């Protein structure tokens, strides 16, 4: 409950659709469930993914990467997850220490660009990995999986779900 609220608020302000991350985790767990001979669990998980994805298009809109360049199919790609990619040499120098101090202050005060620039110029690189989900295609995949599960076609449902996981596109973007 607490975690769910905390993650939703944080993700909302990061423009990340945690609801999509959760649908994909349901999918992941469904495939696991199948191969543990837990088809009832797999149904509950796939039905939950369906329910999450069924949130209306207007609600997904603020999370859509409208300028997404690498699409596997013509769809609206939603930023469903993201993470920090970071590189430095891990050797302390006074220039780096000063740069970190400056960047910390700038982050505390909301000067994101100044923080990132300051770190960059000191040899500390930081960007965002993004995970992009095709909204209508993933909806389709989950529905197809539901039907296969109803038919007892577990292995086949597992592969449709794998397909849905393989449709998540990885991208990188600068933080600003």
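Residue numbers count along the first chain shown, from 1.
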Practice prompt. Give the stretch, out of 45 to 53 and 58 to 66, with the larger mean C-alpha temperature factor in the deposited entry.
Written response: 58 to 66
Fill in: Higher-scoring stretch by recorded Cα B factor average, 20 to 28 or 148 to 156
148 to 156
Response to the item:
Binned into thirds over the chain's modelled residues, the C-alpha B-factor of residue 81 lands in the lowest
Discussion item. Quick check on the deposited entry: does the C-alpha B-factor of residue 176 sit in the lowest, middle or highest third of its chain?
Written reply: highest
Worksheet item: Hey, what third does residue 10 fall into on Cα B-factor, ranked over its chain?
Response: middle
Worksheet item: Relative to the other modelled residues in the chain, which third contains the C-alpha temperature factor of residue 135: lowest, middle or highest?
Response: middle
Practice prompt. Check where residue 118 lands among this chain's C-alpha B-factors and tell me if it's the lowest, middle or highest third.
Written response: lowest
